[PDB]
Amino acid sequence: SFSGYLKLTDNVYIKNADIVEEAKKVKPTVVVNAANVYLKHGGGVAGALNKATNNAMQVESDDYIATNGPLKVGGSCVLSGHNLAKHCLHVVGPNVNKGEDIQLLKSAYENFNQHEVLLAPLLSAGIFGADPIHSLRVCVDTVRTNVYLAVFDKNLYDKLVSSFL
Ligand SMILES: Nc1cnc2c(c1)COCC2
């Protein structure tokens, strides 16, 4: 199972880890991708997860978008986890660098409640531009299922743990 996680609440855990390396080690039922509405996995967590699948995640995602159209900001879709997990839950957090409503971050985290346990990044953090301390607060106040957060950046991980209320 998951190892080396610091317990933050009854259901939220956190670790300084590369989510691709974490997924390969664990092979969780669900890995969360920090997706955009088009499922274009170019950079950040999405680019790293997609690159780990040898682009199979992007090919599957383009077929999904061709059939269904784009996701909503705050929405999600369940696709294959390829070599990383049983499933990938592609969740769209608001991208602050696109003027997207930061209030949609709570809606985005609500998608996690449809899964009993997940390996996930902090939504809207990184290249999405939101404050990761705020994202962690919304995560613990919204997600009721068991979430194992992987924070790539060690300095950000330390800041998140040391400032956690
Ligand atoms: N937060 C976060 C967790 N893991 C990863 C990243 C970000 C980006 O590089 C790939 C692995």
Side-chain angles (χ1 to χ4, degrees), residues 1-9 11-61 64 71 74-97 105 108-140 142-143 145-161 164:
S1 62
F2 295 91
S3 78
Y5 283 80
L6 177 80
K7 183 166 181 68
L8 296 178
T9 73
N11 65 297
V12 180
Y13 297 81
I14 193 164
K15 188 182 170 176
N16 173 39
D18 177 326
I19 196 172
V20 168
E21 294 312 309
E22 196 65 14
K24 290 176 182 179
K25 164 81 176 265
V26 173
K27 286 168 185 167
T29 304
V30 178
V31 66
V32 173
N33 180 29
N36 52 54
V37 300
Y38 306 109
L39 303 186
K40 286 302 183 201
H41 312 305
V45 168
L49 292 174
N50 179 55
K51 180 180 180 199
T53 74
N54 182 42
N55 209 53
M57 174 183 288
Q58 192 62 68
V59 169
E60 178 199 27
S61 294
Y64 171 93
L71 281 67
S76 71
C77 72
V78 177
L79 289 178
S80 177
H82 302 275
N83 57 317
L84 302 175
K86 172 165 184 194
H87 299 298
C88 178
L89 180 69
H90 297 269
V91 182
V92 186
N95 187 328
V96 167
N97 304 315
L105 186 51
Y109 273 116
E110 291 171 340
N111 295 285
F112 286 29
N113 291 322
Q114 303 292 320
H115 301 279
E116 282 170 351
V117 57
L118 318 87
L119 168 60
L122 284 167
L123 298 180
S124 300
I127 69 172
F128 279 62
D131 178 0
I133 298 177
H134 174 60
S135 187
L136 178 57
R137 178 42 51 188
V138 177
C139 179
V140 310
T142 310
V143 184
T145 58
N146 299 305
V147 58
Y148 288 83
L149 297 169
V151 179
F152 180 60
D153 199 271
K154 181 253 197 202
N155 294 319
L156 173 60
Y157 171 81
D158 290 343
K159 181 173 163 48
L160 287 164
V161 171
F164 180 66

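No hydrogens, no waters, no symmetry mates; every other heavy atom, side chains included, goes into these values. The first residue of the sequence shown is numbered 1, and numbering continues consecutively from there.
In plain terms, the two heavy atoms of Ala108 and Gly93 that are nearest each other are CB-CA, 3.9 Å. Nearest heavy atom pair, residue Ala46 against residue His41, reads O-CB, 3.4 Å. Annotation for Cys77 and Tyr64: closest pair CB-OH, 3.6 Å, computed over non-hydrogen atoms. Across every non-hydrogen atom of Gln58 and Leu39, the tightest pair is NE2-O, 2.8 Å. Contact between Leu119 and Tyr5 at its shortest, heavy atoms only, is CD1-OH, 3.5 Å. In plain terms, the two heavy atoms of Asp18 and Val20 that are nearest each other are OD1-N, 2.9 Å.
Between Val138 and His134 there is a side-chain heavy-atom pair separated by less than 4.5 Å. Side-chain atoms of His87 and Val78, non-hydrogen and from C-beta on, do get closer than 4.5 Å to each other. Between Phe2 and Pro28 the shortest side-chain heavy-atom distance falls below 4.5 Å. For the pair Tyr109/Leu122, a side-chain contact is recorded, criterion being any heavy-atom separation below 4.5 Å from C-beta on. Side-chain contact between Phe112 and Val91 is present, with heavy atoms from C-beta onward closer than 4.5 Å. Contact check for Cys88 versus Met57: side-chain heavy atoms found under the 4.5 Å cut-off. Inter-residue side-chain proximity for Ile127 and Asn97 is flagged as unmet; no heavy-atom pair is nearer than 4.5 Å. Taking 4.5 Å as the limit, every side-chain heavy atom of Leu149 sits out of range of all side-chain heavy atoms of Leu160.
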Evaluate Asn50 against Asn55 for side chain to side chain donor-acceptor pair (under 3.5 Å), listing each step before the verdict. CA-CA 5 Å; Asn50 179 55; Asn55 209 53; 2.9 Å; yes
Show your working on side chain to side chain contact (heavy atoms under 4.5 Å, CB included) between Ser61 and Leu79 and close with a plain yes or no. CA-CA 8 Å; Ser61 294; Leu79 289 178; 3.9 Å; yes
Stepwise side chain to side chain contact (heavy atoms under 4.5 Å, CB included) test for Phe164 and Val140: CA-CA 10 Å; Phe164 180 66; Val140 310; 4.0 Å; yes
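Atom CG in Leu71 sits 9.0 Å away from atom CG in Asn36 (nearest 0.5 Å). Between atom CG of residue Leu8 and atom CZ of residue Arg137 there is a gap of 9.0 Å, rounded to the nearest 0.5 Å. One distance of note links CG of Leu136 with OH of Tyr157; it measures 10.5 Å at 0.5 Å rounding. In this structure, CG in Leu105 is found 4.5 Å from OG in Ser135, a value given to the nearest 0.5 Å.
Shown here is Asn54, whose CG atom has no more than 12 heavy atoms of other residues, nucleotides or ligands within 6.0 Å. Residue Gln114 qualifies as open at atom CD: its count of foreign heavy atoms under 6.0 Å is 12 or below. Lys154 NZ: 12 or fewer foreign heavy atoms inside a 6.0 Å radius.
Remark: side-chain polar atoms of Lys7 are paired, donor with acceptor, to backbone N or O of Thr9 under 3.5 angstrom. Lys15 places a side-chain N or O within 3.5 Å of a backbone atom of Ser3 that can act as its donor or acceptor partner. Checked by atom type and distance alone, the side chain of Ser124 pairs as donor or acceptor with a backbone atom of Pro94 at under 3.5 Å. No donor-acceptor distance shorter than 3.5 angstrom exists from the side chain of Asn33 to the backbone of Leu89, with no hydrogens or angles considered. Side-chain atoms of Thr142 never come within 3.5 Å of backbone atoms of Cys139 as a donor-acceptor pair (strictly under, hydrogens ignored). The main-chain N or O of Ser80 is found under 3.5 Å from a side-chain atom of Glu60 such that the two form a donor-acceptor pair. Panel note: side chain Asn11, backbone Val143; a donor-acceptor pair is recorded below 3.5 Å.
Tested against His115, the residues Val117, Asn111, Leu118 include a single side chain to side chain contact (heavy atoms under 4.5 Å, CB included) partner, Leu118.
Residues passing the salt bridge (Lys or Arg N to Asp or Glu O under 4.0 Å) test with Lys27, sequence neighbours excluded: none.
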